[PDB]
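Chains as they are written, first to last, in our numbering: chain Y, 9 to 244; chain B, 9 to 244; chain R, 280 to 284; chain S, 280 to 284.
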Amino acid sequence: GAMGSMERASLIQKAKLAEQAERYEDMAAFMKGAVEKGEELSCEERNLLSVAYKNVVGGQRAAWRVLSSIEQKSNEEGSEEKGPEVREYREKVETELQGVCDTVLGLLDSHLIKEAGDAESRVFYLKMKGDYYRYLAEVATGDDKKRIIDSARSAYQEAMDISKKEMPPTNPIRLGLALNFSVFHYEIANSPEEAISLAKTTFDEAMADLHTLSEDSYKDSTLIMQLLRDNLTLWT
Amino acid sequence: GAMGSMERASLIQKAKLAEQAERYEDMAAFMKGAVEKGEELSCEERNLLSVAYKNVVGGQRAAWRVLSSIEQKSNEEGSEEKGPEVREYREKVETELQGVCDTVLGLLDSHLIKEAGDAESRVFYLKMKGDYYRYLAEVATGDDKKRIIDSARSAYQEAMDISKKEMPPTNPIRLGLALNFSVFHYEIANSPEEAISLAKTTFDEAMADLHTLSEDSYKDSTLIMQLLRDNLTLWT
Amino acid sequence: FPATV
Amino acid sequence: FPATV
Ligand SMILES: *CC(=O)NCCC1CCN(C(=O)C(C)(C)Oc2ccc(Cl)cc2)CC1
Ligand SMILES: *CC(=O)NCCC1CCN(C(=O)C(C)(C)Oc2ccc(Cl)cc2)CC1
Ligand SMILES: [Mg+2]
Ligand SMILES: [Mg+2]
Ligand SMILES: [Mg+2]
Ligand SMILES: [Mg+2]
């Protein structure tokens, strides 16, 4: 822990500065540091952690997809032997992506999830676990691919179970969870019907609970509902 | 040299892949590796080197400016004592920026410039030296500020001297040089009149030589001329 | 890339 | 940021 000597509050403060400067690797490092202090995270702090890592891995995923696209094209015969370079560089980016995923999953396992007793914290962390297994699934090709897929599924399902018992259908975390779990069904599990069904049911259940919300809550909920509708339009 | 074991051609190939994937730190590392093979760079290779580092330092400059802006605001009294965090993080970004500048300047000095015998290569490297001293000048506050400023000036001037003797006034490297040297006068040397004069004279001399150019050369030249006109519009 | 959050 | 290249 290179952040071991810095105050928890200073790490959080610097994470917020890193966000403003769009320094997401720095942000993730500061938030990792904060988690490793061993105290539970607040709502705002969980959001900082998620934003930092989503941006770091988001960059790596975008790069990996570019490199994989080149690798596949260069392996379509008639292209003339590229050499090992595209594969080697795709593998380098892939390994760095897997490292980040393992880091996040490590933080969740040691010991964010086990200490998370409230619905919002537990659902948030379990959603994250599902997400970082999904990212590993996106690049997995070998012996463990199925077990990686099922780890994502298991985390998402546990999050869903808690969210349905403990949260209203408009809760943005519940909505975000269902959004991402739906994408998992479509893109990873090869289950477009399950994806569509989950997104539609989630959208309709939220619609019917919107009347209970303030103007601010309504904005947050309808933001995620729009993303559900966007995906459904993509898929149907 | 962590790239010491990789083939020069493989490093160049990977630099091009990194560019496509927008992995500019990777790109710079691959191009550093290529330079350290000790052979002269081609036109295309010089461009890869410049693009990689311009993007890396460009990100650091953008972040530094965000952090400095926050630091200055938080030092306007009435803001309540921020603590050391903004200063510490600005200093961290500043030190990483200075490291990159020192790396580039090191490559130019060992031994890109001394081997560059043609006008285009020598002017390109001297322009780069001017640029990476300008970036150091942007953040310099202490004993060496004046010497850093004059190092940039000296590199730019030597590049100008060669460009005026050896290159037509439409040569994109000559034009780019004058563009950046003009910015140096405006932003670093506090000499807006010199900046404006240099940009105007450069623009007018190029205008008068455009008739000599092919359609492709014309596109390249007029691209940089537009940037000169943009700055002049900003400044007058 | 479908929408995720 | 004025234009540089
Ligand atoms: C209490 C708690 O854990 N809060 C952190 C999560 C919230 C969720 C809502 N939010 C958002 O920015 C928007 C509205 C975009 O939605 C989500 C929903 C789910 C996730 Cl995982 C991220 C963002 C603020 C942070
Ligand atoms: C022969 C050689 O050294 N070539 C490398 C430099 C060229 C300059 C022209 N170029 C460009 O992309 C544009 C037209 C944008 O202009 C410049 C001009 C100067 C610099 Cl330093 C960069 C880009 C291709 C590369
Ligand atoms: Mg692999
Ligand atoms: Mg169901
Ligand atoms: Mg300093
Ligand atoms: Mg003059």
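Note that the Cβ used here is the ideal one computed from N, Cα and C, for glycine as well.
Sorting Y/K135, Y/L187 and Y/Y140 by C-alpha distance to the C-alpha of Y/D110 places Y/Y140 at the top.
Not flagged as an interface residue toward chain S: B/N55, since no C-beta distance is shorter than 8 Å. One Cα belongs to B/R95, the other to B/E84, and the distance between them is close to 14 Å.
With respect to chain B, the C-beta atom of Y/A71 has a partner C-beta closer than 8 Å. Taking 8 Å as the Cβ-Cβ cut-off, the segment 179-203 of chain Y approaches chain R at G184, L187, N188, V191, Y194 and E195, given in chain order.
In summary, the residues of the segment 80-98 of chain B whose CB is separated from some CB of chain Y by less than 7 Å are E93, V94 and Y97, in the order they occur in the chain. Contacts with chain Y at 8 Å (Cβ-Cβ) include B/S18. Taking 7 Å as the cut-off, one finds no heavy atom of ligand 5 near enough to the beta carbon of B/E104. Between the alpha carbons of Y/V147 and B/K208 lies a gap of roughly 53 Å. Ranking B/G46, B/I121 and B/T149 by CA distance to the CA of B/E99 puts B/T149 first. In this chain, the alpha helix (DSSP H) harbouring Y/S159 covers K153 to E174. With its beta carbon less than 8 Å from one in chain B, Y/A29 belongs to the interface. Put simply, the backbone Cα of B/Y133 is about 53 Å away from that of Y/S190. For the options B/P180, B/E33 and B/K24, the alpha carbon positioned closest to that of Y/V74 is the one of B/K24. Rounded to the nearest whole angstrom, the C-alpha separation of R/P281 and B/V131 is 47 Å. Sixteen is the threshold: when 16 or more other Cβ atoms of the shown chains lie within 10 Å of the Cβ of B/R142, as they do, the residue is buried. Boundaries for B/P177: no alpha helix (DSSP H) harbours it, and the DSSP string shows neither H nor E there. At least one CB atom of chain B sits nearer than 8 Å to the CB of Y/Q21.
At a cut-off of 8 Å between C-beta atoms, B/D110 does not count as an interface residue with respect to chain S. DSSP, read as helix, strand or coil, puts Y/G12 in coil. The continuous alpha helix (DSSP H) containing B/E223 extends over residues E223 to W243.
In terms of side-chain proximity, the C-beta atom of B/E79 is found no nearer than 7 Å to any non-hydrogen atom of ligand 5. It is roughly 28 Å from the alpha-carbon of Y/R31 to the alpha-carbon of Y/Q234.
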